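The residues making up each chain are set out below.
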Amino acid sequence: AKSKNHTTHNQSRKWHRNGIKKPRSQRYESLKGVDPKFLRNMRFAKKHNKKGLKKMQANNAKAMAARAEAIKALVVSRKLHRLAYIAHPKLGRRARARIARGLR
Amino acid sequence: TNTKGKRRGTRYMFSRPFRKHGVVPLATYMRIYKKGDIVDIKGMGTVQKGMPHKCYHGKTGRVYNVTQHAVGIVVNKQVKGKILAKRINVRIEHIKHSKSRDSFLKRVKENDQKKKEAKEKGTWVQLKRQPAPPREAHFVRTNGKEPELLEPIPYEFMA
Amino acid sequence: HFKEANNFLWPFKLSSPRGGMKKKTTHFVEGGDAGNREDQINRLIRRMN
Amino acid sequence: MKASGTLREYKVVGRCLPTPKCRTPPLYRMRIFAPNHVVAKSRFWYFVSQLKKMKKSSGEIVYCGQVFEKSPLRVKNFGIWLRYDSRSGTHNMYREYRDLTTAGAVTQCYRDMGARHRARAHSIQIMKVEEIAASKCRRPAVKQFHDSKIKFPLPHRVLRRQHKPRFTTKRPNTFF
Amino acid sequence: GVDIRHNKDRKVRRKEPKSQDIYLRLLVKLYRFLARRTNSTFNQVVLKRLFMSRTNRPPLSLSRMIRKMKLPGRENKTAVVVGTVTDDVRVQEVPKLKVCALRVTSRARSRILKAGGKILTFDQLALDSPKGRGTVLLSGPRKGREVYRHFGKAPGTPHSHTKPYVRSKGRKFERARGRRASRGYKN
RNA sequence: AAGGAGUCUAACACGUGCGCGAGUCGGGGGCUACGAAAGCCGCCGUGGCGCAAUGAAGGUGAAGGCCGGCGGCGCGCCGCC
RNA sequence: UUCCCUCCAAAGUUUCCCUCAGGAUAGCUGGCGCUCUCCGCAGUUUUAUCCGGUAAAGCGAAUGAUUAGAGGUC
RNA sequence: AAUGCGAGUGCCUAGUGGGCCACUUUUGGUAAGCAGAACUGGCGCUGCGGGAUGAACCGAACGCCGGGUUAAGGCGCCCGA
RNA sequence: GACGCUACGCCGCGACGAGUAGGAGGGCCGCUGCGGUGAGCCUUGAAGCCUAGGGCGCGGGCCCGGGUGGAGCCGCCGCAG
RNA sequence: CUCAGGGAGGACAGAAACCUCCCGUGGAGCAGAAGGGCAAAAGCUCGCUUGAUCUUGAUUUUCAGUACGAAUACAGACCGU
RNA sequence: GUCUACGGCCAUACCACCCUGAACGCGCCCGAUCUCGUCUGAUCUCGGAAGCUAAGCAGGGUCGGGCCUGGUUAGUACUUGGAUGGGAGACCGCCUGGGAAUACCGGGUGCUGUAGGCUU
Ligand SMILES: [Mg+2]
Ligand SMILES: [Mg+2]
Ligand SMILES: [Mg+2]
Ligand SMILES: [Mg+2]
Ligand SMILES: [Mg+2]
Ligand SMILES: [Mg+2]
Ligand SMILES: [Mg+2]
Ligand SMILES: [Mg+2]
Ligand SMILES: [Mg+2]
Ligand SMILES: [Mg+2]
Ligand SMILES: [Mg+2]
Ligand SMILES: [Mg+2]
Ligand SMILES: [Mg+2]
Ligand SMILES: [Mg+2]
Ligand SMILES: [Mg+2]
Ligand SMILES: [Mg+2]
Ligand SMILES: [Mg+2]
Ligand SMILES: [Mg+2]
Ligand SMILES: [Mg+2]
Ligand SMILES: [Mg+2]
Ligand SMILES: [Mg+2]
Ligand SMILES: [Mg+2]
Ligand SMILES: [Mg+2]
Ligand SMILES: [Mg+2]
Ligand SMILES: [Mg+2]
């Protein structure tokens, strides 16, 4: 009573019925597996980002006000070109009006 | 059946090249890997600590964690119905900067420079990579001599 | 806009070639049908269209 | 190659890609026998890939024309130089034919090799075809027609069209 | 023949409500007319949500309604609910709210009407804003049901906080071999 | 020719329909031909399940921030109204 | 192992089991949907960039096998 | 970059877990319609035209019909040509 | 000043149609009994049975005609096996 | 510090004891089976030692992507050199 | 042009023999009281400056060996896909694309980073 030992004959056809899909690419991947010392210090940086908030708006509102003084310192043939202009429903409206007023 | 050993069939895969044995060079030590860098994996048999497994040899991934002597890499692995995102800690001698993204970055800076250019000149410059087109119609000069007549040679039993 | 113009067209549902095929299983330079027949695709086009 | 119908006789000129090393390659002309120009270009690339180190992707077809018979109204002796494969071994030959056109003589040569040596057209490799004077011929099957006062009858005229009078009364006559 | 695959030819989605209740089936007729006779996508979303099962329209709490209508810009608007507006009793102040829902519970209705707002039905909403203008579509937490704690990666697998199916919870109910580093292993 | 084989009860999961909804449920009990049905009880909601988890257990048990005044440490922190 | 029609449609493979005529598990299947649309994805190619030690080849290159002469001093 | 295509996602889930054949690669064996692998396609689950016959070969996959044309095969007669 | 719209209805464009194990849907397919309903059928002939009769439906099946027979039977909306 | 091996020398000393010079890419050795790796070393000889200690998590290998075993990067301590 | 200290790529840099080295340097060299270590101041460590490029080192040479890079080998060997191609087979030819490696024959024989010198 000997039986078949091992094969992968139909396996490559079974894999492609629902497809071989890559893992779900998301922005902001998890920080799980990152080393504990740098992960601990990053949490301390996030804990005190709110400390210099009133100094941060004093720079970003300064930049937004300086944006005003930055931006206000600066502040195939002629036949087929004519016929495609007349055939325009909006641009050739007065040209079609001229043609309709050409036969009276 | 085969064994489930960790280094089975790695005889030529983890061997050093011919006349490239001995002391490992130090430029593979004193180069900098940061998070998000694209890194290909090539196992070296001189150092034995932090060796990647044989299924990651010749693969390419992205660094997510950097330690004192090693980096952590997210490598795609083909497993039996699907692809998994593996996180492997590989010591720095098995690690090389991949040059596949380098051409893309040099093209990004070229495209940004060529888009800053020709905005004040009003023209339109091609930024897509077109494939190899059919060649344009040209004249071949047979100046002087006629083309040489080629004929098949007779057989010689040189066995 | 060749990509858009060609993708707008449905793939052409052509009949069987009148007169007959030469040999379906072999290349055109072997006296068959498969592969690149450079100027002679029109002869198939009139008998198949 | 499949020797379909009668062959046409093509002059095919090709060259290599112009490179920074070889800025102008020499042009190579060949004398191809093929049913059409699509087969003729493929046989040109086969022969030139056998002789020179030049491939279809590394080269181009500069010219491919059908060059005709300069005199298809006189009968000519054609000597053809062969290189063929047998079931065990490959051999060279020289054969002689009588024809009005060079391509007709080579067409007759392909049927002759297939008839006598069971040599298919892919094993047959024509290497030189030459118009031969009647005093330079060698085969007695061709030299027997070099007679100014040639004379023979048609001795046993077998009756063709055996099915239009299909049920007939008189028995057929073969003497004419 | 063609080498196409007929596995995904039939999309599963709902064309009609499975329920046979005739008051819902008249609102389905109304918003089916409105979705094809207007270009407003609000009527399409309302008509599609009227088809859905009871688990696909979970109830809103009044407190979640207060916070989702307290946001800036969306004042004097009609909150449109396809499910049920239930009362949430851990809130003390109720402002006035213009409400459209399929069902409003009896104690939430009293609190809304005592606050001074209005409670509409969907025919009243179709008469008031046929294209659903000045409305805020809201829906309940769909993963709020207890059934979703047992879903996902299986328990007894590394990094899987999936609730197992136990006949009861306690000291000696699935807490020994796959859970302890002492007895066997821990995932 | 006739009979002849995934049924019934209990338990669980998931989906679906209905009612009520942070509640819900009288199934046990009681009141008042079909009817052994239907109706009603609310200080009959006991009780079940849900609303709180975690620990073996003793047990414990689900945002904070700013400012002023005071005390201490040497401008920040801690404690205190 | 008892009526009809319609639609979709397999597997004899992985791992574990006193497992080898059987189960559990993953895979293949079906049904129920839902979230969006009215960027993403691909049993494919092109262009870059890495990986290999098979086919071939080599033994006047290491290891192992192996045939013949020739020139040499002690 | 080209070409093409609407995708993503969550529950519940039957049957199966004896396989076999063919081009190429390939192990044991003198060999086997033998035993054992890799890849792809089939048969199993599938009718149809051809190979006289026929699980697997060649062509081509199937709702019920009319007209036309083909594939692989053929065109003395059986037997259409 | 035609018809329409059993909206669970009606109508219009395309594409497609193999199937074992298996899964799902639709049955104005069929059997028996119950709650409603056909001012239902019936000794001027019910059920059942027979039929070289007329038909409908892809099909499961069904409706009429003739004969036989002598007392009960069926359609629709739900329910149950 | 340099090994295996070889050459030329030196009383007994010879094929082979010990000393010295030169060549020596590893032809040695690293406990074992084989493969990979290694020369101011991972080999040999010395000096000091107990990182073969305590404690969380993460990862790889087998894999169902579960365990056990084995392994890799860290982090918190106390240490050795 | 060139050297020294520390290097990068690790023979185009290695190996054998010969020739030439101005100046600074690098060395050989002279010693053992101190630091230090040995059977032995030979090595290592220390204190020096009489002599010398002899050697190390640098540059160059050899129809040099090696190494590196090309041609030939050769569109050969091999190989993706195809045929109701051949052959009794063994195997081979053709279509469609890709394409090696010896022997043999040429060319070359370290580039360079930082800091500091000499050639004033
Ligand atoms: Mg088996
Ligand atoms: Mg015809
Ligand atoms: Mg075929
Ligand atoms: Mg069809
Ligand atoms: Mg199907
Ligand atoms: Mg389906
Ligand atoms: Mg019966
Ligand atoms: Mg439920
Ligand atoms: Mg059996
Ligand atoms: Mg191998
Ligand atoms: Mg070989
Ligand atoms: Mg077999
Ligand atoms: Mg199938
Ligand atoms: Mg078939
Ligand atoms: Mg036969
Ligand atoms: Mg027909
Ligand atoms: Mg026949
Ligand atoms: Mg079907
Ligand atoms: Mg009968
Ligand atoms: Mg050391
Ligand atoms: Mg001395
Ligand atoms: Mg010197
Ligand atoms: Mg000298
Ligand atoms: Mg040389
Ligand atoms: Mg320098």
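Residues numbered from 1 in each chain as written, not as in the entry; some residues may be left out. Chains lettered and ligands numbered in written order. Part of a larger assembly, values for the part shown. Heavy atoms only, no water.

Deposited coordinates in this entry are attributed by the record to cryo-EM, at a stated resolution of 2.8 Å.

Caption draft 1: Structural context of the overall build of chain A. Along chain A, the regular secondary structure elements total 5 helices and 0 strands. The helix and strand sequence of chain A, counted from the amino end, reads α-α-α-α-α. The globule rule puts the C-alpha radius of gyration for 104 residues at 13 Å, and the 35 Å found for chain A is more than 25% above it. For chain A, the spread of C-alpha atoms along the principal axes amounts to about 100 × 75 × 20 Å. In chain A, which comprises 104 residues, the proportion classed as buried is 4%. Of the roughly 11,000 Å² of accessible surface on chain A, a fraction of 56% belongs to carbon and sulfur atoms. (Helix = DSSP H or I, 4+ residues; strand = E, 2+ residues; numbered from the N terminus. Rg over C-alpha atoms; globule rule 2.2 N^0.38 Å. Buried < 20%, exposed > 50% of the residue type's maximum accessible area, 1.4 Å probe, protein only. Areas by Shrake-Rupley, 256 points an atom, 1.4 Å probe, with all protein chains shown as cover.)

Caption draft 2: Spatial organisation of the interface of chain B and chain D. Counting from both sides, the interface comprises 13 residues of chain B and, opposite them, 20 residues of chain D. Interface area lost by chain B to chain D is led by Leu 150, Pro 152 and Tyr 155 of chain B, which between them contribute 39%. Between the two partners, chain B and chain D, sit 1 salt bridge. Here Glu 60 of chain D makes a salt bridge to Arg 135 of chain B, at a shortest N to O gap of 3.4 Å. Between chain B and chain D we count 6 residue pairs in polar contact in total. For the side of chain B that touches chain D, the residue count by class is 8 nonpolar, 2 polar and 3 charged. Examined bridge by bridge, strand 6 (residues 148–149) of chain B and strand 2 (residues 28–34) of chain D share 2 bridges and lie parallel to one another. When the bridges of strand 2 of chain D are listed, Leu 149 of chain B appears paired with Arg 29 of chain D. (Contact = heavy atoms within 4.5 Å. Buried area = accessible area lost by both parts, 1.4 Å probe. Salt bridge = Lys/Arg side-chain N within 4 Å of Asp/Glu carboxyl O. Polar contact = N/O pair within 3.5 Å; in protein donor to acceptor, adjacent residues only side chain to side chain. Nonpolar A, V, L, I, M, F, W, Y, C, P; charged D, E, K, R; others polar. Pairing = 2+ DSSP bridges.)

Caption draft 3: Geometry of the arrangement of the chains. Here 4 pairs of chains are in contact, and chains B and D lead that list by number of contacts. No interface is formed between chain B and chain C, the nearest pair of C-alpha atoms being 14 Å apart. Kept free of each other, chain C and chain E leave a smallest C-alpha distance of 12 Å between them.

Caption draft 4: Looking closely at the pairing of strand 2 (residues 60–66) of chain B. Residues and elements named next belong to chain B. Sheet topology places strand 1 (residues 38–41) next to strand 2; 3 bridges connect them, and they run antiparallel. Pairing of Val 39 across the sheet is with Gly 61, part of strand 2. The antiparallel hairpin formed by strand 2 and strand 3 (residues 70–79) contains 3 residues in its connecting segment.

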